[PDB]
Amino acid sequence: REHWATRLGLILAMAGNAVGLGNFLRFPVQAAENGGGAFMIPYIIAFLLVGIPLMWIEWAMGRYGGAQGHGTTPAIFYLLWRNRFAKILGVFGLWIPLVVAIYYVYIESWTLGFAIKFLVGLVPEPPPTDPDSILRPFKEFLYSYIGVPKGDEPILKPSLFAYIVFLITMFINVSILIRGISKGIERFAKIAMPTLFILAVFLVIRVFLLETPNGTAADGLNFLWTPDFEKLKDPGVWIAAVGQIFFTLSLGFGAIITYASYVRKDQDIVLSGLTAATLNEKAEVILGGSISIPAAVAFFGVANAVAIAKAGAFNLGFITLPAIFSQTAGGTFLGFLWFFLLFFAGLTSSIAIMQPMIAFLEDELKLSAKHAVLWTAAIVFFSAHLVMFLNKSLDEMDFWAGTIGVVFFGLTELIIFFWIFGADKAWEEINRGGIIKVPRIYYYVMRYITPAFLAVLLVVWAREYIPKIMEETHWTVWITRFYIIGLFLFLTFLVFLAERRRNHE
Ligand SMILES: CCCCCCCCO[C@@H]1O[C@H](CO)[C@@H](O)[C@H](O)[C@H]1O
Ligand SMILES: CCCCCCCCO[C@@H]1O[C@H](CO)[C@@H](O)[C@H](O)[C@H]1O
Ligand SMILES: CCCCCCCCO[C@@H]1O[C@H](CO)[C@@H](O)[C@H](O)[C@H]1O
Ligand SMILES: CCCCCCCCO[C@@H]1O[C@H](CO)[C@@H](O)[C@H](O)[C@H]1O
Ligand SMILES: CCCCCCCCO[C@@H]1O[C@H](CO)[C@@H](O)[C@H](O)[C@H]1O
Ligand code: NA
Ligand code: NA
């Protein structure tokens, strides 16, 4: 089996797994529309009671499976619990990352396309003022790029440039993945993560210098870091905070598990996993939190910045921030640096999100790495046309896989590993080879607190929020639901074929 060459490479690959579009696009929007500091108390609590313990669990399951030649949850779940239902539940550890890849890589390709256009100066001219005179040309810029519908049809018409840039983006992902773990993902992470840190630090510094009649960057830091215990009893904030923790740490994606399956059997995962987790949180709250929100608050004030964050998921990062930069000297180049930052953040995460299907094809169907990567890329590339051309298909997949799926799968993998497999054997397996030991209090968190916390959360989710999405949606969401259900059936069939290969073997 392939293995990570160096410990630093391991940590930077896992940190690039986690540090992605979630840190720089998702976190600012979720924090802003949930009260800023009101969001941070649940967020910190979720990191300590959900994020960290699940990170260790996924590292442990991955390393455990990899020692036996399996890096994905169909096989690993069965190793933990020899029951055919374990294999079926394990399909989610391929389905979730595949579905997320199908829209994540497309969004990643937007950042490359914008980076190219901002570098070359093919960007809107804001007229020398009225805020909508500033925002409108950049709103139109994004809408023409992805082809937002202008009539009543729920159809997207992305520009030719956007489509070609998606092909290029897929080619870049393949170019890394096809070289494998140590020579591909690991080598690239050692280049991309330092670049990523430097770009973000420079952007934070430039943003902190922003000052207008409406405020300063410091006003945004105060909005984000001022506790607000009013919302502390609002269910929606807790669901938001825990969803962000899952998404940003790549938990419930099967992707931490697959990366860890290339960790040598006796190599530490306690300190490694903790470091990857803490690195992501620093990049999230310090770097991600210090760019978009402080810039928007400085130029528009808090109330308008909040309204902007509530406008959409891409309004802050693809419209508002480039519009703000356009009002500064060298602002188009600053836009390029922002979108190049997002591209590298996305690329290091999308190679991680596609490696689970690659590992399954290699491990269970015994494909060569080349064939496993190309077939995975073909599946993602083909399926992405749904996200490219059907309005709000992106949203539906991000919901079932990227939002509900990861939380459900996180609870599932914990129950399998810490209840069925055995809490004491799971605890033994986590700490084996540890450079440090997991704090003892965390045994009771993982066995009792984390599962109760996630179960309560999933209950209120399905009772007080899901019915709206099941009855209050446009009919075209059934196209996307139909297709991703088909994907689950196709993957279940591949698990079936992998079973019968190992029986005829
Ligand atoms: C083989 C993939 C199955 C679906 C066929 C997709 C064909 C893509 O079609 C292309 O989309 C671009 C972006 O809007 C347009 O610029 C081009 O006019 C169009 O040819
Ligand atoms: C970004 C690296 C090169 C790939 C992008 C080049 C493909 C852009 O293609 C261009 O799109 C526009 C469509 O009207 C027009 O400029 C031209 O028809 C076409 O050459
Ligand atoms: C299945 C994925 C969406 C396919 C729509 C992309 C093409 C949109 O553009 C279409 O290109 C077609 C040929 O490529 C032509 O038949 C259409 O007349 C033309 O409008
Ligand atoms: C995977 C594709 C999801 C659905 C996207 C359909 C894009 C439709 O695209 C266009 O629609 C026109 C009607 O307005 C038709 O004349 C053309 O067939 C087609 O080019
Ligand atoms: C959700 C629980 C948050 C965990 C906070 C970190 C706990 C570290 O706390 C330490 O735990 C060690 C147990 O091994 C003990 O040796 C120490 O007495 C204690 O200080
Ligand atoms: Na992240
Ligand atoms: Na990343």
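Residues numbered from 1 in each chain as written, not as in the entry; some residues may be left out. Chains lettered and ligands numbered in written order. Heavy atoms only, no water. Residues with missing side-chain atoms left out of burial classes, pairs and counts.

- The deposited coordinates derive from X-ray crystallography, with the record listing a resolution of 2.1000 Å.

### Re the overall build of the protein
- Along its length, the protein carries 23 helices and two strands.
- Its C-alpha radius of gyration of 22 Å places the protein within 12% of the 23 Å reference for a compact globule of 505 residues.
- Principal-axis analysis of the C-alpha atoms gives the protein an extent of 70 × 50 × 45 Å. (Helix = DSSP H or I, 4+ residues; strand = E, 2+ residues; numbered from the N terminus. Rg over C-alpha atoms; globule rule 2.2 N^0.38 Å.)

### Describing the coordination of the sodium ion (ligand 6)
- Distances from the sodium ion (ligand 6) to its protein donors, namely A18 (O), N23 (OD1), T248 (O), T248 (OG1) and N280 (OD1), fall within the range 2.2 to 2.6 Å. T248 matches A18 in its accessibility class, with the two residues each being buried. (Donors = N, O, S within 2.8 Å, 3.2 Å for Na, K, Ca; no water. Buried < 20%, exposed > 50% of the residue type's maximum accessible area, 1.4 Å probe, protein only.)

### Overview of the site of ligand 4
- As a structural note, the neighbourhood of ligand 4 is formed by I155, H385 and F389.
- For ligand 4, whose accessible area on its own is 530 Å², the fraction buried by protein is 33%. (Near = heavy atom within 4 Å. Areas by Shrake-Rupley, 256 points an atom, 1.4 Å probe, with all protein chains shown as cover.)

### Observations regarding the nonpolar core
- The biggest cluster of nonpolar side chains holds 193 residues, and the ones touching the most others in it are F24, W59, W338, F417, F418 and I430.
- Residue contributions to this core peak at 20 residues, all from helix α17 (residues 331-363). (Core = buried A, V, L, I, M, F, W, Y, C linked by side-chain atoms within 4.5 Å.)

### Points about the UniProt feature "binding site: phosphocholine 1" (unreviewed entry) in the protein
- UniProt tags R84 as "binding site: phosphocholine 1" (unreviewed entry).
- Inspection of the secondary structure puts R84 in helix α5 (residues 84-90).
- Discounting chain neighbours no more than four positions away, the residues touching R84 are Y78, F496, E499 and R500. (UniProt positions renumbered as here; feature names shortened; annotations may be inferred. Contact = heavy atoms within 4.5 Å.)

### Description of the packing of helix α19 (residues 393-420) against helix α21 (residues 441-464)
- The geometry of α19 relative to α21 is characterised by a closest axis approach of 10 Å and an angle of 145° between their N-to-C directions. Remark: the crossing between α19 and α21 carries left-handed chirality. Only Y443, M446, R447, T450, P451, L454, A455, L458 and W461 of α21 make contact with α19, whose side of the interface consists of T403, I404, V407, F408, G410, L411, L414, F418 and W419. (Axes fitted to C-alpha atoms, helices over the stretch in contact; angles between N-to-C directions. Left-handed = near helix turned anticlockwise from the far one by under 90°.)

### Description of the packing of helix α6 (residues 92-120) against helix α18 (residues 369-389)
- Closest axis-to-axis distance for the α6/α18 pair is 9 Å, and the angle between their directions is 65°. On the basis of their axis angle, the class for α6 and α18 is roughly perpendicular. For the element pair α6 and α18, the recorded crossing hand is right-handed. For the pair formed by α6 and α18, the contact residues are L98, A101, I102, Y103 and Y106 on the first element and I379, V380, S383, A384, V387 and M388 on the second. (Parallel < 35°, antiparallel > 145°, perpendicular 65-115°, else oblique.)

### Focus: the site of ligand 2
- In the vicinity of ligand 2, the contacting residues are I116, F161 and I164.
- Contact with the protein chains covers 35% of the free accessible surface of ligand 2, which is 510 Å².

### Re the coordination of the sodium ion (ligand 7)
- Every protein donor of the sodium ion (ligand 7) is accounted for by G16 (O), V19 (O), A345 (O), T348 (OG1), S349 (N) and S349 (OG), and the metal-donor separations fall at 2.2 to 2.8 Å.
- Each of the six donor atoms bound to the sodium ion (ligand 7) contributes to angles spanning 70 to 170°, and the resulting shape is irregular. Placement of both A345 and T348 in helix α17 is noted, with a separation of three residues, approximately one turn of the helix. Exposure class is identical for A345 and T348. Each is buried. (Tetrahedral: all angles 85-135°; square planar, octahedral: opposite > 155°, others 65-115°.)

### So, the packing of aromatic side chains
- By the definition in use, this model includes 44 aromatic pairs.
- With a centroid separation of 4.9 Å and an interplanar angle of 70°, the aromatic rings of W110 and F314 are classed as edge-to-face.
- Residues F114 and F118 carry aromatic rings whose centres are separated by 6.3 Å and whose planes lie at 15° to one another, so their mutual orientation is stacked. Note that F114 and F118 are positioned in helix α6 at a spacing of four residues, about one turn of the helix. As far as burial versus exposure is concerned, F114 and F118 are alike and both buried.
- Here the basic side chain of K87 rests over the ring of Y78, its NZ or CZ set 3.8 Å away from the ring centre. (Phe/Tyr/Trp six-rings, centres within 6.5 Å; stacked < 30°, edge-to-face > 60°. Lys NZ or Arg CZ within 6 Å of the ring centre and 35° of its normal.)

### Observations regarding the environment of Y483
- Along the chain, the position of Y483 falls in helix α23 (residues 477-504).
- Counting along the chain gives 100 residues from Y483 to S383, while the straight-line C-alpha distance between them is 8.7 Å.
- Setting aside residues no more than four positions away along its own chain, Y483 makes contact with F382, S383 and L386.

### What about unusual backbone geometry?
- Unusually for a residue other than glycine, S250 sits at a positive phi of about 65°.
- Note that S250 resides in the loop between α11 (235-249) and α12 (255-260).
- Phi at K392 takes a positive value of approximately 75°, unusual for a residue other than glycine.
- Position of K392 relative to the elements: it lies in the loop between α18 and α19.

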